[PDB]
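The structure under discussion appears below in the form of structure tokens.
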Amino acid sequence: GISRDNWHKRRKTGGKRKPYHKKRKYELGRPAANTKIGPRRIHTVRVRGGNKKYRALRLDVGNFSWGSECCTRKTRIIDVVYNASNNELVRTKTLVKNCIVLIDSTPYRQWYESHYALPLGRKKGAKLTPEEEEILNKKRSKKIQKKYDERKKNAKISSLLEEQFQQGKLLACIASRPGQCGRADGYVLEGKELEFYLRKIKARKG
Amino acid sequence: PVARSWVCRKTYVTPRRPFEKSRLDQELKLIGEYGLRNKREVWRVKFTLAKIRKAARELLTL
Amino acid sequence: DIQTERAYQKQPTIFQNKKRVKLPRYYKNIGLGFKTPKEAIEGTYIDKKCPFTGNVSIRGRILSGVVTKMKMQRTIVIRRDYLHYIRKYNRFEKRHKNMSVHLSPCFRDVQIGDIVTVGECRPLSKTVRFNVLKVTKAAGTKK
Amino acid sequence: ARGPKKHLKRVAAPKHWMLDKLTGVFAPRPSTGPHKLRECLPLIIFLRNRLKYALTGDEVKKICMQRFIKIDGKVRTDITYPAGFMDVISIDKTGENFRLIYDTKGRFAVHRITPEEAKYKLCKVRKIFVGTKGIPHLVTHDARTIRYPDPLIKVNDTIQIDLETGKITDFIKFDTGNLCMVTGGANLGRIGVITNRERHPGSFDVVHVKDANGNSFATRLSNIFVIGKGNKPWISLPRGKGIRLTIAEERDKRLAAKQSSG
Amino acid sequence: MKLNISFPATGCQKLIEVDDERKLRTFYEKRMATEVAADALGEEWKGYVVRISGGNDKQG
RNA sequence: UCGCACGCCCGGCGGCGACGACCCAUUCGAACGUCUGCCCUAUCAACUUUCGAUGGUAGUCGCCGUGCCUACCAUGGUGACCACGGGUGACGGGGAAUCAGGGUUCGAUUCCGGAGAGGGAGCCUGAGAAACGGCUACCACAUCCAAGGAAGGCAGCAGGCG
RNA sequence: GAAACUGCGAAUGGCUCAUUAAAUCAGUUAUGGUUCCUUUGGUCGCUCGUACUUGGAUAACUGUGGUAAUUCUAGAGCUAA
Ligand SMILES: [Mg+2]
Ligand SMILES: [Mg+2]
Ligand SMILES: [Mg+2]
Ligand SMILES: [Mg+2]
Ligand SMILES: [Mg+2]
Ligand SMILES: [Mg+2]
Ligand SMILES: [Mg+2]
Ligand SMILES: [Mg+2]
Ligand SMILES: [Mg+2]
Ligand SMILES: [Mg+2]
Ligand SMILES: [Mg+2]
Ligand SMILES: [Mg+2]
Ligand SMILES: [Mg+2]
């Protein structure tokens, strides 16, 4: 099959290794997973030592950690926007390790408004008449209200993050290897790496 | 893979100059004096004494 | 200076984006009495394969060599030079093994001929298995 | 080979078993167990060559499978079980207790033991591990994982294990002055006091050890097994007591003793 | 063309040789595991539907 | 889940085992790596490279490290200290013969390591195989036949032809 | 207690030396860069949410076969882990 062997290739001196044995089973390669975005499909490969690897093939969700606030929630993957290796792996939507995906910011919006009780996103002028976001933001006790009033001094966010919340979907990096683990986990990009990947995206946009 | 020894050793050595008359007469004197069957029984004793003397010479040069 | 290439270049154990109101960088001592250089602590570079600021562990053997080429990207070639003994002719023959060694960018000024010390580690690429651990300058050349 | 080997050859067996050369092509491949292959002495070799309680492989099989041999306090039935260093054989019916201690040369010695000594054995620890809830673990030389030990027990010490419980009773720490049986190398079987410990980072740390008769000699630390504080052991010592008299002194002792015997 | 008709409510079975293509074209060009009405098999076969379950060739 | 004994509180408690299991050690290992060592040949002096050659960064695959493979950059890497190409009546070693001291020649051969089952290739099962006294193709060969089909692999032990 | 399902082994052994010239191999160390049936020791009520034992198939067995022929196998009945 697909081989992973140094003996099929040249020396450091540019020589030619003639092989002394045929292809082995520990010298094994299997084809790529190429995990797209769709309703979840994971095949299971049994591997050397009888263990299991989980090829994702099309995959929709994954838990992302927004770690400056340390909130890690299961989130729906919207899109693949940037990949440091190959631009056609952006052009088709392929989930790989250390590619930039987009994820809907509704669970982090829920957490922020339930922890600090301040709105984020929220183009000002609208209030949700289902009334549950303002029953989350209002009407607490006088013992717990000082707790919220002391936590609301550490409740200012990066403006890059905040306009991503207002647009409704965040930039995030895949950390796991979804052809290996079967999951599409990772972390929300904030900071100088967020500004790095944003200027990369808009310079590619031209 | 069979379970046996395959260990064997010659107990003599044939001399290099074959027809030296002094050596022939001396070996046949020893055969006649001590009733030996052939020249190999002279050569095997010369070989045992040669190995004893070779171990001797290496211990003395030690 | 930093962020030359496609992906973001950061050290993987540091979390750099904790909420405020200079980054700390990860570095370690590699054992065997090797002093970590001041430019590794005071620097701003990143490296997967630096022994002082990266994900390698110096094990096994600790060899030496002379710098003979520095044309590559963040790796040099050292020329181990030794003798070899023939049992017939009680003499020697001068042999050599050129070998590629990953030179970390914390050693910022080195010119060819300097006697570096290298350490065995994880195989970093196809023909590279060592790291420059310390650099001793060639004789003279103090200016 | 396409997998693990199952046969072991007669010539390729370890020399300290002292197998001969012309019985068969093979030697018993010892089963996997607590002791290494080249550092064990299997139960077939122990019952057949040493003790002469069995003549053939069928006889040692029927001895070991009418449930008489009790290794380390436990019934061990396969004849290729690796009986290793400091193990305790309990012959119940014939009423003996053996401790596989090394000899003044590289052998395992048949070493008869009283039951009150044979209800413990001594084990060098190999690892300190910490399991899932802060639970310390010793790993001895014979695969014993002993959870909750004494925190003063560190990685190159020895412990006196009670056999029917598996618990620690006491321990000797690797310091200069304590005894040592030497489990490996050219100095195998020697007994001395630890003179010196030389640290080599990365390399194998080397320990100098001095016996009773003023002979000092070095050994890598993996081959060293302390067996008591000071000169006083916590087990018995075999005949000769690990001295290694020279070949001239061995010649002189055998001719002296047998001309006194006549 | 030999037939092996089995009635599994009593557990009985029987080989019937028949060589009438008028009796057999009602079986022909129909797949396995289907219930074909066996009324064209003889005088005695009326109301019998049989699931054809596949047999063996000319060559085994 | 299975087998022996069979007791005790007033239906419930019970002892000794057998099997199986996620993980951690352990054992047998396997597997890639580090330094150094190979015979003849210059009528072989330059070879390797966008078809991976030498590095970098990010992935894919893998049991793992790794140009192993992919994408984008760098233009490197080896060589008179003999590469590269060829040859070998070349499996490597422990070792054998001959020997004053050096050497010279041999080692397919019972121990260890490697390779292979006619030649190549691909895989299933399994902890472990690219297994051939397992399978699928193709090439060469070749057996039975109702001519539609079926089956094979002695460099295993004997034995046969050449 | 034949048979058959299940479990295990069949990757060991044995034969040969065609390939193979830093390749194999030898000494050497490394896995802090990995897998490992087995065997020995740990672990194995740590989890807060019909149990006096849950389900339906299948081989062996009976009974109709097919092919010229294979360690070929089909349709029907049953019956266990
Ligand atoms: Mg010489
Ligand atoms: Mg040839
Ligand atoms: Mg050949
Ligand atoms: Mg050979
Ligand atoms: Mg030949
Ligand atoms: Mg062999
Ligand atoms: Mg093979
Ligand atoms: Mg042939
Ligand atoms: Mg094959
Ligand atoms: Mg055969
Ligand atoms: Mg075979
Ligand atoms: Mg034979
Ligand atoms: Mg074999």
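Read-outs throughout are calculated quantities, based only on the coordinates presented, and are distinct from any laboratory measurement. Reconstructed Cβ throughout: ideal geometry from the backbone, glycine too, with neighbour counts over all protein chains shown.
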*strands (runs of 3 or more DSSP E) wholly in segment A:1-109 with at least 1 residues that are within 16 Å of RNA strand G (Cβ to nearest atom) - which ones?*
A:41-46, A:52-58
*Working carefully through the options D:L43, D:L47, D:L51, find the one that is within 16 Å of RNA strand G (Cβ to nearest atom) and either surrounded by fewer than 19 Cβ atoms within 10 Å (Cβ to Cβ) or hydrophobic (A, V, I, L, M, F, W, C) (or both).*
D:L43
*C:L103: more than 13 Å from every other protein chain (Cβ to nearest Cβ) and surrounded by fewer than 17 Cβ atoms within 10 Å (Cβ to Cβ), yes or no?*
no
*Taking A:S3 and the conditions (1) within 10 Å of RNA strand F (Cβ to nearest atom); (2) within 14 Å of chain C (Cβ to nearest Cβ); (3) of a type in the set (S, T, N, Q), which numbered condition does it fall short on, given that it satisfies the others?*
(2)
*Residue check for D:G228: surrounded by 12 or more Cβ atoms within 10 Å (Cβ to Cβ), of a type in the set (G, A, S), within 21 Å of the chain's Cα centre (by Cα) and closer than 15 Å to D:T104 by Cα*: no
*Do you know which residues across segment D:31-59 are under 16 Å from the mean Cα position of the chain (by Cα) and more than 20 Å from D:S90 (Cβ to Cβ)?*
D:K36, D:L37, D:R38, D:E39
*Determine which member of the set A:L102, A:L95, A:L170, A:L120 is under 27 Å from the mean Cα position of the chain (by Cα), within 14 Å of chain C (Cβ to nearest Cβ) and either within 23 Å of A:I42 (Cα to Cα) or crowded, with 16+ Cβ neighbours inside 10 Å (or both).*
A:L170
*Scope segment A:136-161; condition part of a loop (DSSP other than H, G, I, E, B) and within 14 Å of chain C (Cβ to nearest Cβ); matching residues*: A:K152, A:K153, A:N154, A:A155, A:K156, A:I157, A:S158
_Unmet criterion (only one of (1) under 14 Å from the mean Cα position of the chain (by Cα); (2) surrounded by 10 or more Cβ atoms within 10 Å (Cβ to Cβ)) for C:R95_ = (1)
*Single residue of A:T94, A:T13 found to be near RNA strand F (Cβ under 6 Å from one of its atoms) and β-branched (V, I, T)*: A:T13
*Filter segment B:12-62 down to the residues that are within 13 Å of the chain's Cα centre (by Cα) and in a loop (DSSP other than H, G, I, E, B), then identify the one that is surrounded by the fewest Cβ atoms within 10 Å (Cβ to Cβ).*
B:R16
_C:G60, sole failed condition from (1) within 10 Å of another protein chain (Cβ to nearest Cβ); (2) surrounded by fewer than 18 Cβ atoms within 10 Å (Cβ to Cβ); (3) out of contact with any strand residue (DSSP E or B) (no Cβ under 6 Å at 6 or more places or on another chain)_ = (3)
_Matching residues, segment C:63-77, being within 14 Å of another protein chain (Cβ to nearest Cβ), among the aliphatic types (A, V, I, L, M) and either surrounded by fewer than 16 Cβ atoms within 10 Å (Cβ to Cβ) or within 28 Å of D:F204 (Cα to Cα) (or both)_ = C:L63, C:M72
*Report the residue count in segment D:14-30 for those that are within 11 Å of RNA strand G (Cβ to nearest atom) and either surrounded by fewer than 16 Cβ atoms within 10 Å (Cβ to Cβ) or farther than 23 Å from D:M86 by Cβ (or both).*
3
*Which of the following residues is over 13 Å from the mean Cα position of the chain (by Cα) and either buried (at least 21 other Cβ atoms within 10 Å of the Cβ) or closer than 19 Å to D:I224 by Cβ (or both): D:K167, D:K127?*
D:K127
*Answer yes if at least one residue in segment D:32-40 is over 23 Å from D:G189 (Cα atoms) and within 12 Å of RNA strand G (Cβ to nearest atom), and no otherwise.*
yes
*asked:* Pairs needed: first member in segment C:76-95, away from RNA strand G (no atom under 16 Å from the Cβ); second member anywhere, among the polar types (S, T, N, Q); C-beta distance under 6 Å; at least 6 residues apart or different chains.
replied: C:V77/C:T68; C:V77/C:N98; C:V77/C:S100; C:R79/C:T68; C:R79/C:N98
*D:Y148 versus (1) of a type in the set (S, T, Y); (2) within 19 Å of D:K74 (Cβ to Cβ); (3) surrounded by fewer than 18 Cβ atoms within 10 Å (Cβ to Cβ): which is the lone unmet condition?*
(2)
*Among the residues of segment C:1-22 satisfying the criterion of being more than 16 Å from A:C99 (Cα to Cα) and aliphatic (A, V, I, L, M), which is farthest from the chain's Cα centre (by Cα)?*
C:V21
*Is there any pair with a first residue in segment B:1-22 that is within 11 Å of chain D (Cβ to nearest Cβ) and a second that is surrounded by 10 or more Cβ atoms within 10 Å (Cβ to Cβ) whose Cβ atoms are under 6 Å apart and which are 6 or more apart or on different chains, and what are they?*
B:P1/D:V25; B:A3/D:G24; B:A3/D:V25
*Just for segment C:82-106: of the residues that are aromatic (F, W, Y) and touching a strand residue (DSSP E or B) at 6+ places or on another chain (Cβ under 8 Å), which one is nearest to C:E42 (Cα to Cα)?*
C:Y82
*Out of curiosity, is C:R95 more than 14 Å from chain A (Cβ to nearest Cβ) and more than 15 Å from C:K69 (Cα to Cα)?*
yes
*Quick one: which strands (runs of 3 or more DSSP E) sit completely within segment D:136-221 and have at least 2 residues that are over 26 Å from D:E117 (Cα atoms)?*
D:193-198, D:206-210, D:216-220
*For segment A:23-46, which residues satisfy the criterion of being among the aliphatic types (A, V, I, L, M) and over 23 Å from A:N98 (Cβ atoms)?*
A:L28
_Selection within segment A:175-200 - aliphatic (A, V, I, L, M) and away from every other protein chain (no Cβ under 12 Å)_ = A:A184
